[PDB]
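Worksheet for the structure shown next.
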Amino acid sequence: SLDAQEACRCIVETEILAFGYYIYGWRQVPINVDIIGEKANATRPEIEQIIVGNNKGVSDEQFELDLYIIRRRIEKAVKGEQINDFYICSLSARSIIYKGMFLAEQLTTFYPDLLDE
Amino acid sequence: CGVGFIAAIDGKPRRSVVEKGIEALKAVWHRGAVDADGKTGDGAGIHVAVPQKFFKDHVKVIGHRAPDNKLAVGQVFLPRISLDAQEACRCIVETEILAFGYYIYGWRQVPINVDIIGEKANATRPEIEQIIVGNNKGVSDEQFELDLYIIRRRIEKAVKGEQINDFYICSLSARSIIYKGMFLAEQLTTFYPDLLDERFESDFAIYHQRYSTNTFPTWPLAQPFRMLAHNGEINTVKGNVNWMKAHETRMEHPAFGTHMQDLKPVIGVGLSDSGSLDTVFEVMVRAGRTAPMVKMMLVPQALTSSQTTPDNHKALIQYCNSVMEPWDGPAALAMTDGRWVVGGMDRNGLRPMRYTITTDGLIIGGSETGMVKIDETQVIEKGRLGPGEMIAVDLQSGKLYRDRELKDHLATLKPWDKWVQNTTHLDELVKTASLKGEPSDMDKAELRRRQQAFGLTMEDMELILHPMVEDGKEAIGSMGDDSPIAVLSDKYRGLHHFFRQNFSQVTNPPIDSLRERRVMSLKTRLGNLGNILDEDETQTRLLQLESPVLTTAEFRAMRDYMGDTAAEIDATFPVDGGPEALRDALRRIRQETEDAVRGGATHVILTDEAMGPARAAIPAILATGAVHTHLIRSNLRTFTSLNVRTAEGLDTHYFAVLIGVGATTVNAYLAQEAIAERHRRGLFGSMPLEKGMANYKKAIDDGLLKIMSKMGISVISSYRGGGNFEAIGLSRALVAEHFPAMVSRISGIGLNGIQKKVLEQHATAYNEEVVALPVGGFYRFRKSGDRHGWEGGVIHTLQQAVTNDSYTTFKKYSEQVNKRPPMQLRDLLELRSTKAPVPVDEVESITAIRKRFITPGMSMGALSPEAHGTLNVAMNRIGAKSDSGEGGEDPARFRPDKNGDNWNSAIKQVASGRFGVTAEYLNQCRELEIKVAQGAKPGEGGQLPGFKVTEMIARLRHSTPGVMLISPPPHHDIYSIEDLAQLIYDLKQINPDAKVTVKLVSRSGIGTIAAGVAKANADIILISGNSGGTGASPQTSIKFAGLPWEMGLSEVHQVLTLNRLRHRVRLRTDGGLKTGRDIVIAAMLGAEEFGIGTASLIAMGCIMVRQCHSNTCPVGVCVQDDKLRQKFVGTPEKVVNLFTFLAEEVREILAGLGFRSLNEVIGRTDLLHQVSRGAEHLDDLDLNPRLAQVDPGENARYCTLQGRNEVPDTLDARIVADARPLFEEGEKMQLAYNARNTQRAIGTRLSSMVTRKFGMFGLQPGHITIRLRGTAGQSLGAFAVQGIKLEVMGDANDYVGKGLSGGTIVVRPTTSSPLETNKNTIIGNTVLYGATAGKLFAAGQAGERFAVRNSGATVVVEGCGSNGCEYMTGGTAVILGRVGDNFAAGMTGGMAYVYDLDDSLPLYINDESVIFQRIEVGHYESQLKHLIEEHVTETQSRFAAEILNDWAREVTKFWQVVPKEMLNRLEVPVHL
Ligand SMILES: Cc1cc2nc3c(=O)[nH]c(=O)nc-3n(C[C@H](O)[C@H](O)[C@H](O)COP(=O)(O)O)c2cc1C
Ligand code: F3S
């Protein structure tokens, strides 16, 4: 549906801006659904990325701390409204996670981003 | 699609009830959504009584002892994938039942058969089980049902606690059970073999089947519900839920006790409208009231101020409307308490409901009068349900209450008349307020300084104010809106420009308001909210106002009455506070409001009265939004009211949004001061000040009713605080935090931008030395004002490029127009490829690209005949398609000219007025088009001034010369998607070669509507935007309604691709298309065809005067004069050259990008990027929701089918196989057949063959005649031409004789029927809709809206219903009986005769535009005599026979009704 996406986006944006950080925007990850089977495709979620930058000039340490706190608060708030199939695979300034329900050898085909230089 | 209910009158269980319910369910397969699978349904269900003996024998066999009391059985849906969810839910249920003390007998697994279910309806199939609980404490049935309900609610809450998914309880009671699922209607007894048993006997049964808009079934969403079943669609649910959120915090009843606590969030999550309504209904019933009382309290009757009801019902309706907010919308309800069984209708009576009593003490009601086969010699009475009516059956005592009897029996429970007298009006309070305390007027300089602070120009006072004060009506504009959107503009646009209004496509009908204004109320009540579960005199003691808008004197009187209990709050913030002054002011006011309400205050007055040179004013919308939301979230909105004093309210769009946000009353004092100042200068003439204020208030109320009627809401109480607007260009955080329920698909400015704009305007007004207001350009261009789309340089350069026929000039034009700062959404996106360019000679030729352009519809009433013909000739010369639009077309233009120039049009429209729609008008086209809503004025009908109608137009539209013609906003044929499918079937039957196009308007939620219409066999969808032109419409509907097509097109494309439906339909867009870049962007978005419109008018000579409504256009494009039509300068070569240039531009761009065909670029969204205007504006528009790419799969990204979507064959096929001598030798024929309700549009394809062979008037009357025996389907004999005679023995369902075109239809009961032919309904609703010729004789009563938009037909019927002969235009109508209320509303041509024995016509008629007298001319007597003689001859009636017998004494019992405009034009005068 097209409400759950909008509701989750509103929740995330209200909960990030409550701390004072600056949101640069959303990005839709390029994928290729040609390699996924059927039963692994009926429950495929919409994958997106949100880019937030630190403008308060805080250290990395406090920055990671508030990012974790924001993730937990977003999880609780979304669970409040009993919205199903919502997940956060990472929210940090140090590391990223690319995961899915495909075969091992077909990881670089589903996510062409990792083929970059 | 449909509801139905069967009831045994005496009250004894029996098997026939149940099987007849099954039989009725087995015959509703024609209205459902056909599927290529044959197994996939969309929901079905039945609701019966509990078969005690079945389960008692089950328990006996199991090994227990059968108790003496009744059993209780609960049907549950448990998850199926894992084995924990089942066990966890079982543990929860068993722990929660045993906490009360009842005994559990065990679980049972229902036998099912999954062989009939489709695939997608099987991947979400839950595990169905039953739990058997018995009562051992010996409690009564009443307490037992109460604890069962409480246990159900507690189980629901506990299971939701653990976030367990796919758990549902279809029933838990000792009285009734529910069998429902996601299968087809006819396959219900195959999936559930239990119902095939011999012991399933009952005394009542309800059945329902639905028609969903999407293709993802969810089992817990199938009706009937627990103590409710609904057909239709509810309008106001975003406002009723918000008011329930305030009603919950005070309600309590001693029947529940402490347990009341787990029923506080009564309306949970994951429900539709029919679920929330059902929950509220069940809660209100389980607390003491009865089903009729709750039905009256939730869906009340229309409180009309006429003497046609006893005052008892008036007092009862006053109480009911005072205690609760109505739940509006088209609704046919069939509900059941534990004792009563009620069938009811909504306020307007849109859906149909027909019932029947048999001699076996059996009542059968439903949507169609032929569902259950019943021998004709067993009936006692047939009937219907008018607007607001209801029929009840009491099973305990076994009685049947009709409408009036039930009202009488209900109006005696409590002394309503003595209770209502507690109401206090303000009219008396302002009358008795002596004429003292007159305030001194504000100074001119102060007024101008305050007006400058908000950005009011002199054009806001000379254009949109002056007509309000003088005329009492509202301003009018006549061209599209090319103004930039609010966020991209650069001047000070008020916050009320960011909110677009709402309307209703096919799923809901808009409510017309110029004719049935009697059902729309603007009542406002202060001191109203309280406990909704009580009954006492203190509930009706409040203050009542007759309009939510108050003047200054009325405000001072109401403030007198309030006095020592109110609390005033300022709404100003210091200009020098800093970068976060507005947020702090919001915080402060929303804290003071709560701190004052808790202190005993009952009335809050939010005013910006303290605005000065150092304090800027908070935008009133934001203030009232924050305050109302906070009061709702703190459980205090139920205590107080909310009054707003604003200084910016000047237009009818301000008050709309303020009342939609949550304000109770609104006071606009600066506008009144401006009115007074303009009056003291002697500008209005000789009218007093109070007359001007009254005219202004009347115009405001009329505009408010217009805005409220675009959506389908008829009462202001249910519209307030619901917020049916939509914000475009506001941050998601701001909207989701301060406003109740609005969607912002793209974020915009936050609080900093609003603060900057406000501070800038305040500084400009209060530090700069004002002498006069700026001229301002918003509706007309002025050099000092804003920018516009079409202006002088670009128009002159386009006309030069088109006239001289040179391409480089056209590239200069495109270069000029593609260089201004951004003005629309499609200006920020950017093309970017990654391939290498290819040469220009390799791309498609101009031919195959030009055949992708069409011209939108422009009626002949607006345009001049020469321009219309020029467009039709130019568009046919290049091989493309043109459009004729509404208003019909000239028959004489139906043959190619001997210049070769073909003046015909390849696309015909079916407007909602049906002004020229005949049988030949639909067989002279290649491709049809249904118009639901227009781009400029959505949710409204086209207009045509009274002087624009000449002889040519009056003859072309079958109307009266010199008469204003306003089309009805609703459709009278399309009240829901099933009616849309029926109309599409009709159109595809009448013309066997054309396609059907649906025209929508871009807004939110259009995706589901598009996925729904695609299942109705429509093959072309058209998406218009808010930037389209028009002929004549109010300015508020032009500037503040609709959305850019960039949103709607992408939404429809994504939703259609998601449901695997994109490969069946085509997409077409128009609105604001000027260059080739725009066309390439639209093609990337998903469209395949393109409409141009306004630009074409500029190629022919139009120069954007914006005076089309004045009939004085200089060049002569849209004018009905002769002296001005002689100035036309258009020629087809101009349009041809324009299209050639526009196509070769697309060729240029495609060759430069790297492709060779438009088919390789359609849908490829990833070729578009977003760049923002820079780091100096900071508008956070994120168009990523607009650029999302849904992967198709194996299918392509466009239409890949040949021809139109195919349709089944009705009975007509056999007729065409039988009447071959008629078509080949041309001889008389005579056929006989058996009709059934599963056969639609009987006699339409035959009419098509006859029209193609001989024409409309080529056959003598009665050449081919058919005799049907049985119950006819819907649209019987639609579009029948002269020479065809249908004779039905039985009855017809609906839309009989729709668009009659000269035929003849006769309906009579069976010769062996023991019925009074003048007291039983024989035909349903909307009879003779837009007919132009023929005759129709019926031997019974008709339904509602009888003979609407009649133009030339002649009808003789023995009765009528409400809203009969509404907006009739020509012909004669004889009604030998009683009429309904609001008869002959908007009638403007023809004549009517009523046979009045009750002498009660002056109480029902709408004596506004028609006059009623008695027959005084023998010429008009011979007419009636011959009509009744023909009636008696055909139908062999007995009532009319004995009327004709006693002619001399009954001729003096007839009223003759004649329009006022037909007084100077009749052939002989009506007087002596
Ligand atoms: C003078 C005029 C008359 C129109 N008449 C109709 C009409 O009768 N029916 C209709 O559906 N649309 C009518 N339209 C709207 C067009 O069909 C189309 O939606 C609009 O012209 C597109 O705007 P555009 O030219 O800016 O692209 C009319 C528009 C104009 C300017
Ligand atoms: S604005 Fe209208 S009056 Fe004529 S010149 Fe254009 S059609």
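Shown for chain B, in order and in Swiss-Prot numbering: 37-1508.
We read in the header that electron microscopy, 3.5 Å was used to get this structure.
Cβ atoms here come from the backbone N, Cα and C positions, even for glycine.
DSSP assigns B:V1101 (FMN binding site) to coil in the three-state reduction, outside any helix or strand. The Cβ of B:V1101 (FMN binding site) has 24 neighbouring Cβ atoms from other residues within 10 Å, across all protein chains displayed. Residues annotated as FMN binding site in Swiss-Prot, with similarity to another entry given as evidence: B:1085-1142.
B:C1138 ([3Fe-4S] cluster binding site) has a Cβ environment of 25 other Cβ atoms inside 10 Å. Per Swiss-Prot, [3Fe-4S] cluster binding site is recorded for B:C1138, B:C1144, B:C1149, and the stated evidence type is similarity to another entry.
The compositional bias 'Basic and acidic residues' feature in Swiss-Prot is assigned to B:926-936. In terms of DSSP secondary structure, the compositional bias 'Basic and acidic residues' (B:926-936) contains 3 helix, 0 strand, 8 coil.
As annotated by Swiss-Prot, domain 'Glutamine amidotransferase type-2' applies to B:37-432.
Summarising the annotation, Swiss-Prot assigns region 'Disordered' to B:916-937. Counting only same-chain residues 6+ beyond the ends of the region 'Disordered' (B:916-937), those with a CB under 8 A from a CB of the stretch are 886-898, 901, 904-905, 907-909, 943-945, 947, 949, 951-953, 956-957, 960, 962-963, 965, 967, 978, 989, 992-993, 1003, 1168, 1175.
Listed in sequence order, B:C1149, B:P1150 are the same-chain residues at least 6 apart in sequence whose CB falls under 8 Å from the CB of B:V1141 (FMN binding site). With a CB cut-off of under 6 A applied against ligand 2, the binding-site residues B:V1101, B:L1109, B:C1138, B:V1141, B:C1144, B:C1149 are reduced to B:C1138, B:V1141, B:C1144, B:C1149. If you draw a 10 Å sphere around the CB of B:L1133 (FMN binding site), it holds 24 other CB atoms from the protein chains shown. Each residue contributes its Cα atom, and for B:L1085 (FMN binding site) and B:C1138 ([3Fe-4S] cluster binding site) these two points are 29 Å apart.
Spatially close to B:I1117 (FMN binding site) yet at least six residues away along the chain are B:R862, B:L865, B:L867, B:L1204, judged by Cβ distances under 8 angstroms. In this structure the alpha carbons, written CA, of B:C1138 ([3Fe-4S] cluster binding site) and B:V1101 (FMN binding site) are 35 Å apart. Residues B:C1138, B:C1144, B:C1149 make up the record's [3Fe-4S] cluster site, and a Cβ search at 8 Å around their centroid adds B:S514, B:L1133, B:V1141, B:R1142, B:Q1143, B:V1151, B:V1153, B:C1154, B:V1155 from the same chain. Counting only residues at least six positions away in the same chain, the Cβ atoms of B:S514, B:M515, B:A898, B:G1067, B:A1068, B:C1154 sit under 8 Å from the Cβ of B:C1144 ([3Fe-4S] cluster binding site). Classification of B:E1125 (FMN binding site) by DSSP places it within a strand. Neighbours of B:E1125 (FMN binding site), defined as other CB atoms within 10 A of its CB across all chains, total 19.
Of all Cβ atoms in the shown protein chains, 25 besides its own fall within 10 Å of the Cβ of B:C1149 ([3Fe-4S] cluster binding site). The C-beta environment of B:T1093 (FMN binding site), restricted to residues of the same chain at least 6 apart in sequence and closer than 8 Å, consists of B:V1226, B:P1228, B:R1233.
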